[PDB]
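Chains as they are written, first to last, in the entry's author numbering: chain L, 1 to 95, 95A to 95C, 96 to 208; chain H, 5 to 82, 82A, 83 to 100, 100A to 100E, 101 to 127, 133 to 210; chain P, 3 to 6. Working notes, structure below.
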Amino acid sequence: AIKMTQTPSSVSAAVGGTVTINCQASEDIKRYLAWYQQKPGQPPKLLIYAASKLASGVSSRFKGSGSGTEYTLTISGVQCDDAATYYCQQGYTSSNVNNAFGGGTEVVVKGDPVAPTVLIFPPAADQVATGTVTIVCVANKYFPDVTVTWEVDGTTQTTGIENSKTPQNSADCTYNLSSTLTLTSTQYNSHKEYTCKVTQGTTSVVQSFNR
Amino acid sequence: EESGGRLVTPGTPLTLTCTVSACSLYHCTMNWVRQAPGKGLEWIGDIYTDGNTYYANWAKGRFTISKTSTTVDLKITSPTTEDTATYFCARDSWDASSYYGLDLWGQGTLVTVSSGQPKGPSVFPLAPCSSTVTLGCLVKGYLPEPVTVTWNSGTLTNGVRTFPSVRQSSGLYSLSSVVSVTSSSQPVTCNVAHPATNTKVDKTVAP
Amino acid sequence: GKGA
C-alpha cells in the first residue's frame, strides 16, 4: 500500500518569508502527485499538478518539486492569504489505498502583532428558564494566538467551555475568537461574578459582569 | 432545495449526488472524499469510465459509487456515528505522464449520523451589560448543520463576524454571530434559518 | 500506462 506522509505537521512563516513542506511516498509514484490548499469551510483547491505544474490561476509564489518518493511544496513571499492547510495526494493508483492524501500541513502566517480586546455578553433573560445558561466572550482581531480563562466568583473553570476561532484574515492575518461557558441554571444563580480573561504572551485583558 | 447538510439515523442508507458532471475524458475518475471534524482529507473511492469502482481499504463494503446518465452518486450503505463528516466529490484526469489533479470539486455536505431528532435552534440576543457597539445572536442547540445567519435581511454585512459552528457534547450544534454598529444606529435584527426544520427566526437586538 |  502506498502511504503518503507529510512533514512537518505545522509550520509558521512571517509575511514575506519562504516555507517548504514535504511529502513522502512509500513507493515510487512517478511524479503522479498533486498539492491542495484548503481553508476552513471551503472545498480544497488544486494548487500543483504533475508534481511541479501550476494549476489554473495559481500564484507563481507556489512551487512544487520532486520525483520518485520525495516531493516538496515551497511558498515564496508568504502572504496572509496563504494561511491554510496544505495536502499532497498521489494519483498513481486507486488500488489497495488506505488514503491517497497525505495527512496535511498547517501553515500559520505571522503578520503584524495585534493585541486583543475582549467583550463579554451576559445571558439573555429567557435563557435561564431553559435550565442551562450560555455566556459568550469574544476576543477581537488579534495575532498571535491567545488563551482564554473563565473565572466564576474568582475560581477558574475547567468544564463547560467551547472555543471557536475564525480563520486568519486573508489581509492582515488576525484571528477572532468566540469562547462560550455553559452552566446549569442552578449553577448560574448560585454565583455572582463572571469573568473572561484573554492572555496573549504575558499580557492579559478581561471583561466581567455580575449576575 | 439543497441545505448543505444531512441528518441520517444509524443504519438508514444515505445517497449523495455529485454536482460535478461525469467524466467526458476516458482517463478521468469521479472521486468521493470525506473530512471528519478536525481531521484531514480521507479519500473514499473513485469510479472509472469503464464502470469500475475502487475503495480505500477501510471503506470497502461501507459505500457504493454509481453513475446514472452523467450524474455520480455516493451511497453510504449502513451509516454509523463514525460516518459524521463533510463529504466532497471531485474529478481528476491524467495521461501517460501527467496527473492533472482533482481540479473540480463540489461543495461539501455536512453529514451527521445520529439517533436524535432534527432540532431547530434557540436564538438568544447578545448585548453588552461607546462610539461603536457590538451586538449579536447566540444560535444554540440545532441538528443537523447548517444554519444561515443574516443581519437586517442581508442588508447589513459590514462589521459582521459569524464564527464557525461547534458541536456540543450533547451532539447539538451552536454558533454565534456578532456585528459592530454605530452607537446611534437603529436596532439590528438577526435572521436565523435552519432548512432541515424549515424554521426561520428573527431576533432584534439593541444595547 | 501511467509513467510510461
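In this text, a Cβ means the ideal position worked out from N, Cα and C, and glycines have one as well.
When the Cα atoms are used, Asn173 (chain L) and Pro141 (chain L) turn out to be separated by approximately 11 Å. Under a 10 Å Cβ-count criterion, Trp62 (chain H) is classified as exposed, with fewer than 16 other Cβ atoms of the shown protein chains found around its own Cβ. Inclusion of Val195 (chain H) and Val150 (chain H) in the CB contact set at 8 Å is warranted, their separation being smaller than that value. Contact annotation: in the region 175-209 of chain H, residues whose CB is within less than 8 Å of a CB in chain L are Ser177, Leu178, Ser179, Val181.
Taking the C-beta atoms as reference points, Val208 (chain H) is found nearer than 8 Å to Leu124 (chain H). Shortest Cα-Cα distance from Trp154 (chain H) to any of H:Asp50, H:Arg10, H:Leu138 involves H:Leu138.
The alpha-carbon of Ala40 (chain H) is positioned some 27 Å away from that of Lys107 (chain L). Only exposed fits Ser100 (chain H), as fewer than 16 other CB atoms lie within 10 angstroms of its CB.
Within the region 35-66 of chain L, not one residue has a Cβ closer than 8 Å to any Cβ of chain P. For a cut-off of 8 Å, the C-beta gap from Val202 (chain L) to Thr114 (chain L) is around 7 Å, short enough to register as a contact.
Counted as a single uninterrupted DSSP element, the beta strand (DSSP E) harbouring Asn194 (chain H) occupies residues 191-197. Unbroken beta strand (DSSP E) stretches of 3 residues or longer found wholly inside the region 10-35 of chain L: 10-14, 18-25, given in chain order. Excluding sequence positions up to five before and after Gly66 (chain L), its CB lies within less than 7 Å of the CB of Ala51, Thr72, all in the same chain and listed in chain order. Assigned with DSSP and collapsed to three states, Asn201 (chain H) falls in coil, not helix or strand.
For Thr163 (chain L), at least one C-beta of chain H is nearer than 8 Å to its own C-beta. When C-alpha distances from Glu103 (chain L) are compared across L:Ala122, L:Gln165, L:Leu116, L:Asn137, the shortest belongs to L:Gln165.
From the listed residues H:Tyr30, H:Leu29, H:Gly49, the smallest Cα separation to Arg38 (chain H) is found for H:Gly49. Straight through space, the alpha carbons of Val133 (chain L) and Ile117 (chain L) are spaced by roughly 6 Å. In this structure, the beta-carbon distance from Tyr90 (chain H) to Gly106 (chain H) falls below 8 Å. Burial check for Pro40 (chain L): the Cβ neighbour count within 10 Å stays below 16, so the residue is exposed.
Three or more beta-carbon pairs separated by less than 8 Å link the region 8-22 of chain H to the region 62-82 of chain H, which places the two stretches in contact.
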